[PDB]
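Participant: everything below, folded, please.
(3 chains, ligands or ions: 1)
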Amino acid sequence: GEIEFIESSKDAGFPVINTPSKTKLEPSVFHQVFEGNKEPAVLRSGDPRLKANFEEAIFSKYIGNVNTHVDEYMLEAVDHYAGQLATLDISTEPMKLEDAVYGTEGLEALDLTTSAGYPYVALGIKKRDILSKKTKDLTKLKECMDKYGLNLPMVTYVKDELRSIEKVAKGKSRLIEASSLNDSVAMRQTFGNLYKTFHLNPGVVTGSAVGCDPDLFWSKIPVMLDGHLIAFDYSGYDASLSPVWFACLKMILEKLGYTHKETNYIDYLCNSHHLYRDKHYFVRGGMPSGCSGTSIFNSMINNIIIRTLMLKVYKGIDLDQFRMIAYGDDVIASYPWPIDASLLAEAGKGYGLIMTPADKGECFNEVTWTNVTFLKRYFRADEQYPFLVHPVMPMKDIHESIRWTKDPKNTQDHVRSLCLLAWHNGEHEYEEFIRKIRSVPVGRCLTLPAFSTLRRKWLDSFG
RNA sequence: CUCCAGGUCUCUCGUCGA
RNA sequence: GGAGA
Ligand SMILES: Nc1ccn([C@H]2CC[C@@H](COP(=O)(O)OP(=O)(O)OP(=O)(O)O)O2)c(=O)n1
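Facilitator: Numbering: from 1, shown residues only, chains lettered A, B, ... in the order given. The protein structure is shown below:
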């Protein structure tokens, strides 16, 4: 990922974009009961907690690119992953517009509560001015698409969210890229059946966890990844993808039946253009976080990436015995033999990728089923039914969430949802949690689910 | 006097119906 | 800046 060019938006006929600088996160009634290290992310240059240049820091994610060709490893990598995807009958036929916009089995409708992006964001137009789920109208949509076209700039905002205290101090707030309604629709039309087949089939064939429910799915995972575990973390994956990985992705899209016409939408992702406040700029490489397809294409690329590193580092390796599940940058995998992920990291570095030891730390340790995480959840088998596995979100991360709110009107929903995460920590931990919640006047006013009821419904789901 | 801040997945709750 | 009660 690299910013090639910056220009004034006026110069390029673009309006200045209103980008919020005030967080919506307030300390909650539970802010004191529990301990936490996160505060809301820095959103402006005048933040008193800033110990570094803000605008320098938020964009620092664009580490650079590496100029390499699609090498013999990538190519093999692609043919292998493609051969899996071929077993699924991914239709390259464009999705019916009513389905691409207002949802179908395997693909939910557009988020109508979010920005419509450029140009509408500066015309003061909301998604709901153009769409209604209730009416399923496409009239105003086609109109707007005719008028404004495709490949519009993506609008860059800072994400309102909690960050570690060093990420607050270092200004490493996160950027997202608001994709225009038009582009989201066009991509969903073009790639809807791919999205759908992916969501309806998470596992070791797609190599994707997208569409799974950790409650039900954690039990399936150790069966699928029966070998020795492989797991690492990425630093700024999305921003680290050089163009060659996109070339790889286009090539696998081509294998699947996609025309050069349709693969060209990948070009709008790799080579993208953005609005940020009063500037218009160009990024070469990097997956733009916020485009349509970001989870699916990030994941497909990860399947190509890890396959490549293996084929490269361990020359003569049998990928028919390799198994991986990716969720964007997040990956859990296994191979029948011990693989040194520090070496896969060294290789990764040569392709622009920064891979680090899993779940923080400074050794590429053994990855056991004990310490491995996926989607931030640990794996624990039931003590009573050892083939059912618990997705275990650390209580410390649940704690971080409850200590804040964006609106106390939601405290009941918020806490209930937190409960459905916490209980997989066990009865001891859940009741301590329910106690600490109850240790505060407002906590005594909430309907909390009983552990016994949670465990019951869970066991009941496997039926 | 409010609103402006992306893609998605999962779950949950609210309302309305068979 | 724009949209609205
Ligand atoms: N609002 C968000 C937050 C995250 N993500 C996706 C894109 C990248 C992926 C990883 O994000 P995190 O791991 O949660 O961020 P981090 O580990 O703190 O920072 P980094 O991406 O540098 O590892 O999640 C997203 O699409 N939208």
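
Participant: separation between the nearest residue to residue A:86 once chain neighbours are set aside and residue A:403?
Facilitator: Spatial nearest neighbour of residue A:86, chain neighbours left out: residue A:256 (7.3 Å); criterion: Cβ to Cβ, 6 or more residues apart in numbering. C-beta: built from backbone N, CA, C; applies to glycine. Distance of residue A:256 to residue A:403, given as Cβ to Cβ, to the nearest Å: 45 Å.

Participant: more neighbours, those two?
Facilitator: residue A:403 (21 against 17; other Cβ atoms under 10 Å).

Participant: that one and residue A:37 touch, don't they?
Facilitator: No - the pair residue A:403 and residue A:37 does not pass the contact test of Cβ atoms under 8 Å, sitting 9.9 Å apart.

Participant: for the closest residue to the ligand within the stretch 1-150 of chain A, what are its contacts?
Facilitator: Using Cβ to the nearest ligand atom, residue A:61 is the residue of the stretch 1-150 of chain A that sits closest to the ligand, at 6.7 Å. Shown in contact with residue A:61 (Cβ atoms under 8 Å, 6 or more residues apart in numbering): A:1, A:175, A:236, A:238, A:239.

Participant: from the residues you listed, which is closest to residue A:99?
Facilitator: Proximity of these to residue A:99 (Cβ to Cβ) peaks at residue A:238, which lies at 27.6 Å.

Participant: the strand or helix carrying that closest one - contacts with which helices or strands?
Facilitator: Secondary structure from DSSP states H and E places residue A:238 in helix A:237-240. With contacts taken as 3 or more Cβ pairs under 8 Å, 6 or more residues apart in numbering; DSSP states H and E, helix A:237-240 sits against helix A:294-313.

Participant: before we move on, back to that, and the contacts of the helix holding residue A:238?
Facilitator: A:1, A:61-63, A:234, A:286-289, A:294, A:298, A:302, A:328-329, A:352-354.

Participant: rewinding a little: is it true that the residue nearest to residue A:86 touches residue A:90?
Facilitator: Yes - using Cβ under 8 Å, residue A:256 is in contact with residue A:90, at 5.6 Å.

Participant: list residues touching both of the two?
Facilitator: Residues within reach of residue A:256 and of residue A:90 at once, by Cβ under 8 Å, 6+ apart, are residue A:194.

Participant: which parts of chain A sit against RNA strand C?
Facilitator: A:15, A:16, A:18, A:122, A:123, A:124 (Cβ under 7 Å from any atom of the strand).

Participant: let's go with 6 Å and repeat that
Facilitator: A:16, A:18, A:123, A:124 (Cβ under 6 Å from any atom of the strand).

Participant: and those residues near RNA strand B, which?
Facilitator: Answer for these near RNA strand B (Cβ under 6 Å from any atom of the strand): residue A:18.

Participant: of the residues of chain A next to RNA strand C, which belong to helices?
Facilitator: In helices, judged by DSSP state H, the following of those are found: residue A:123.

Participant: quick check: of the residues of chain A next to RNA strand C, which lies closest to RNA strand C?
Facilitator: Using Cβ to the nearest atom of the strand, residue A:124 comes nearest to RNA strand C of the residues of chain A next to RNA strand C, at 2.3 Å.

Participant: so what's the backbone phi/psi at that closest one?
Facilitator: Backbone torsions of residue A:124, given as degrees, to the nearest 10, read phi 70, psi 40.

Participant: strands of the stretch 1-150 of chain A, start to end?
Facilitator: A:2-8, A:26-27, A:39-40 (DSSP state E, counting those that start in this stretch).

Participant: try the stretch 151-300 of chain A
Facilitator: Ranges of strands in the stretch 151-300 of chain A, per DSSP E, counting those that start in this stretch, are A:154-158, A:162-163, A:175-178, A:228-230, A:232-234, A:271-276, A:279-284.

Participant: make CSV from those strands and add distance to the ligand and mean neighbour count to it.
Facilitator: Conversion of the strands of the stretch 151-300 of chain A to CSV gives the following (distance: least, Cβ to the nearest ligand atom, whole Å; neighbours: other Cβ atoms under 10 Å):
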stretch, distance to the ligand, mean neighbour count
strand A:154-158, 10, 22
strand A:162-163, 7, 19
strand A:175-178, 6, 21
strand A:228-230, 18, 20
strand A:232-234, 6, 20
strand A:271-276, 15, 21
strand A:279-284, 15, 19
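
Participant: among these, which is nearest residue A:383?
Facilitator: Nearest to residue A:383, of the strands of the stretch 151-300 of chain A and by Cβ to Cβ, is strand A:228-230 at 21.8 Å.

Participant: hmm, who's touching the closest one?
Facilitator: Contact with strand A:228-230 is made by A:306, A:324, A:331-339, A:341, A:344, A:367-369, A:372, as judged by Cβ under 8 Å, 6+ apart.

Participant: over to stretch A:443-462?
Facilitator: Contacts of stretch A:443-462 with the rest of the structure, by Cβ under 8 Å, 6+ apart, involve A:29-30, A:33, A:215-216, A:219, A:385, A:388, A:411-412, A:415-416, A:419-420, A:423, A:427, A:430-431, A:434, A:436-438.

Participant: quick one: buried residues of that stretch?
Facilitator: Across stretch A:443-462, burial judged by 16 or more other Cβ atoms under 10 Å covers A:443, A:446, A:448, A:451, A:454, A:455, A:458.

Participant: closest to residue A:52 among the residues you listed?
Facilitator: Of the buried residues of stretch A:443-462, the one sitting nearest to residue A:52 (Cβ to Cβ) turns out to be residue A:443, at 37.6 Å.

Participant: check the strands of the stretch 1-150 of chain A for me and report the most buried one.
Facilitator: Of all the strands of the stretch 1-150 of chain A, strand A:39-40 has the most neighbours on average by mean count of other Cβ atoms under 10 Å, namely a mean of 20.
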